[PDB]
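A.B. asks: Quick one: the structure is below, questions incoming.
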Ligand SMILES: Nc1ncnc2c1ncn2[C@@H]1O[C@H](COP(=O)(O)OP(=O)(O)O)[C@@H](O)[C@H]1O
Ligand SMILES: Nc1ncnc2c1ncn2[C@@H]1O[C@H](COP(=O)(O)OP(=O)(O)O)[C@@H](O)[C@H]1O
């Protein structure tokens, strides 16, 4: 209905031209079966000659005279047919592609310009609706679909219907029996495709549920990565992950099995129809003059028409996607929300020293996060006053500044400019009397001259000069090469934040306004710049009424009037003295303040290198593809033999040969093709299956064996890694299938065709290869030309979009209106360049396609041309005329598949790059020894000497600078201080995750780096500051066995008892075997921390590590957990990094750490007796 009605918006010539396009489209479509009627005619005469030459056999010289004269006469008319249709189909070709560019061009240009223009004219609304910059993304995709909707695709659709319905017209008239037979296979072929779609829908959801587990198991483990290494539960998360893989491979293969059978059987019913047509076609020969070979050909083209319906379907999908995308932005495009925004027309008053008078204003933001920021306002400011706003954040100081522009229309009351209504008058004019100095001084990246020039479209370079000088912006322009003509470089790097603000002050001075609205125009600057901007602001004031917003109370001292706010309600009014004397809000504030996915080196067939390593057998698939490839010509030769025994040979046994060939056609084709196709299907099926396992196996097991700048700093999120495993293993699954797919078409065209060529006339071979290789290259060279024009188009539109997106993302473009239409001039000038490229590529796209359809007729041309003459005179044969047409169609399926597997190989290579860099390794925690798991190395005195550290992201302050520590056995090492002191970092280096940039840490003398990995996970008592459960039952969470670990009933009991989680274990029936579910994210914190403790003491370490388990908990929970801790330590090292210094007083050695530097160190009572750092930390904690 409505979807395409809006879509048209077709110009004066366009609406006419839509009809010219339709009009060429029919007659383009029609010409192909008419062209094939001539092919039937050439058959008809050859038969009228052959049946009497063979059935008389009483002359051979009469036949050489009279029979060849009719053939000669017929050939004179043939010459004027193929040339005529060719000359039509050439022109109409160019016309339908001109539809593609020229009509679309003018639509896109209209859309783009309306879009950019409607946006600047609706102000607020664009910002209200969705998020800025996502709009120019979606818009630039939309205008691409426009090319497709006003595209030649529509023309192709009409053309398709003409070959179809129009095919049946000629069919019906030359014989109506066979019409009914073709009309019946259409519902059969449609039923079969219907089972296909069913199989697809069922098997997809199945692969998805299966892979779902493999993604959930892989997701949680790789985020919990530091914890799982540390308890040594790797081999179990590996096995569980392997478990999901065994089930996923069996649904993957059944899918492949079903796909081949559905697809095999599909081709079967096509082959049956192809035979069936002949069999019922023959019945019209032997006993009737009803078919003379006309309908036999004409009905083959009706099948090509039925496939033309299949080509329609994409055309339609392009059109739907084009309308749907369009009508949704049409909504913002056409229809501004308006009547509180606009930008154009209305009355203009005269403002000389406007007042600000606020009358009973309450307002709320759209988001219902902050509702009524403003509520009840009476403020009356006389001209030549300076009003100060002090408050709290939520007073909506920003809100009053928006209402003043008339961006919103206030909920209650009105704000009256010069005591006159602000909702009656033109916005534009209103904007010009009101200067605004922004809280973000972001500007365009254009010349210093252009930035002053945005303030009024009349500033001469003198005034620019005058501007920078009073605005004390006159410094940086001189340092900068080229004075004013210095373009603001990069993304803003030629200017400080301070310098930007200075350009904005200079600009608001150039505008000469009577209201000056200063929003953090003295706040967010350094102590030096502050004075500089203040003096400039002073010089800009005292000739105008102004409102200054500042958080700096030193500048609000000297304001004429201060007005207090505590939430939106105007509380104080008076000047400095009046406020301070009463002790208002103001007096209150005085007192408070006093990619990684683009791998660079490209593969060189590393695909098949790695495939071939994990390859075990299957030489039969490719061999089966070769025979299935030569199997295709057996039909075409058989069809020659059909029409063969009908053209030449008398009436006796014509029928018999056809009956025999019918049966032969069945057994040779339908039956063997299914078998041999399923054999190839079993081969690439199992190939992708075992790749699907082994790859995901070989990545994920290698992942648990890596750490460090991808698990000690991920540069691709967990979900993106899981995505990579998905996509990759699926992609190779299709890749193996593409190998055999190329071999299939290769023997199918080139190979078997050669055999066929040897039985040609030796001239035909020569003539033929002057077509077939040429038309192949010619479609490829079209693809090349297609992408070449596309690539250059994307660059041009990128620049017009870049300058658009920069304006819309800046909310300060809406503040101005003066540079809006200036901006819309530039957008116009930029959009003219694609207009010209659209006209240039109209002839380019136009001439390529015309030349492709010119080679179709030229084939048929050389075919019938040469087929007569020297060949008709002597050595006339029924066959090799139909094989030429097959050869044309063999190049079609070769070029088509070759182009198809171009993106297949691309994505296959990319998948390979990933699998190679995983195989490339980072060889940290691969497994090492320096002991035999000796039990006389237990604890030690662990040394840290001269250790510096800074994260793999370098800008984040180096947290360890000059750190050296010591820890003696049997003693709790507290570590206290404050954040960013490398508290946590110390625990990380003792666990062996990302060891320090410089310096070293030793056990007894052997580095952590060379420490025995296995024994290290039976030497840790780690506790997270976020403990997280696994999908495993609580019993299995609590304890995890391995070949480094044991588990037992008695163990989990003692762990739960000691950890005090046993309270919670009691509740819930099945006790320990009770599963919570939902990744056990349903537990309360107290429960969680205990669960981490129970894990800790299972490992039987002599080192406990505690990560903020009293700053992630509160109350009785902290205490109970400290009790679990107290009974665990029976005289062993513990690390408490916790920031509650009130529960640290038991620690034997407290280290006060500043930025890697031990400041004070010692036992509690010493440090506490000091009035130094430590005591100050305990004082301030409480
Ligand atoms: N237009 C806005 N809508 C929503 N939040 C805003 C907006 N502008 C600023 N903010 C943020 O919300 C905070 C408080 O809201 P606001 O009503 O602007 O209080 P105030 O202007 O008095 O500081 C600001 O400090 C800022 O971080
Ligand atoms: N793997 C990491 N990569 C990047 N930054 C990290 C990583 N780990 C932690 N950080 C960040 O570095 C901060 C400071 O580190 P650290 O001094 O160890 O913290 P704290 O002393 O408060 O426990 C962390 O609080 C966090 O914001």
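Residue numbering in chain A adheres to Swiss-Prot, whereby the residues present occupy positions 33-626, 684-1271 in order.
So this one's electron microscopy, 7.9 Å, going by the header.
Cβ coordinates are placed from backbone N, Cα and C, and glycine is handled just like the others.
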A.B. asks: Considering the residues 83, 700, which is the one that Swiss-Prot annotates as N-linked glycosylation site?
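C.D. replies: My reading of Swiss-Prot gives 83.
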A.B. asks: Scan 90, 805 for the residue that Swiss-Prot records as N-linked glycosylation site.
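C.D. replies: With Swiss-Prot as the source, N-linked glycosylation site is noted for 90.
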A.B. asks: Which range is it, out of 882-903, 904-925, 970-991, that shows up in Swiss-Prot as transmembrane segment?
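C.D. replies: That would be 970-991, the stretch labelled transmembrane segment in Swiss-Prot.
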A.B. asks: Would Swiss-Prot have residue 211 on the same side of the membrane as residue 954?
C.D. replies: yes
A.B. asks: Looking only at residues six or more beyond either end of the transmembrane segment (44-66), which have a C-beta under 8 A from one in the stretch?
C.D. replies: 117, 120-121, 123-125, 127-128, 130-131, 135, 138, 186-187, 190-195, 198-199, 202, 330, 333
A.B. asks: Using Cβ atoms and a strict cutoff of less than 8 Å, what residues sit near the transmembrane segment (327-348) while being 6 or more residues removed from its termini?
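C.D. replies: Distal contacts: 64-65, 68-69, 71-72, 75, 185-186, 188-189, 191-193, 195-196, 199-200, 202-203, 206-207, 210, 214, 218, 221, 305-306, 309-310, 313, 316, 732.
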A.B. asks: Can you give the distance in Å from the Cα of residue 626 to the Cα of residue 684, which flank 57 unmodelled residues?
C.D. replies: 49
A.B. asks: Are any of the recorded positions 83, 1066, 1068, 1070, 1071 near ligand 1, with a Cβ under 6 Å from it, and if so which?
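C.D. replies: Checking each Cβ against ligand 1, none of them comes under 6 Å.
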A.B. asks: Of all the glycosylation sites given, 83, 90, which has the fewest Cβ neighbours within 10 Å once its own Cβ is left out?
C.D. replies: 90
A.B. asks: Measuring CA to CA, name the entry from the binding-site residues 1067, 1072, 1073 that ends up nearest residue 90 (N-linked glycosylation site).
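C.D. replies: Among 1067, 1072, 1073, 1073.
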A.B. asks: Using CB atoms and a 10 A radius, I'd like the single residue among the binding-site residues 1067, 1070, 1071 with the highest neighbour count.
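C.D. replies: Counting Cβ neighbours within 10 Å, the top one is 1071.
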A.B. asks: Can you tell which of the binding-site residues (1066, 1069) has the fewest other C-beta atoms within 10 angstroms of its C-beta?
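C.D. replies: The binding-site residues 1066, 1069 were compared, and 1069 has the fewest Cβ atoms within 10 Å.
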A.B. asks: In sequence order, which residues at least six apart in the same chain have a CB under 8 Å from the CB of residue 1072 (ATP 2 binding site)?
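C.D. replies: Spatial neighbours, sequence-distant, of residue 1072 (ATP 2 binding site): 1064, 1066, 1226, 1242.
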A.B. asks: Using a cut-off of under 8 Å between C-beta atoms, tell me which stretch among 183-204, 708-728, 851-870, 931-953 contacts the transmembrane segment (113-133) the most.
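C.D. replies: Comparing 183-204, 708-728, 851-870, 931-953: 931-953 has the most Cβ pairs near the transmembrane segment (113-133).
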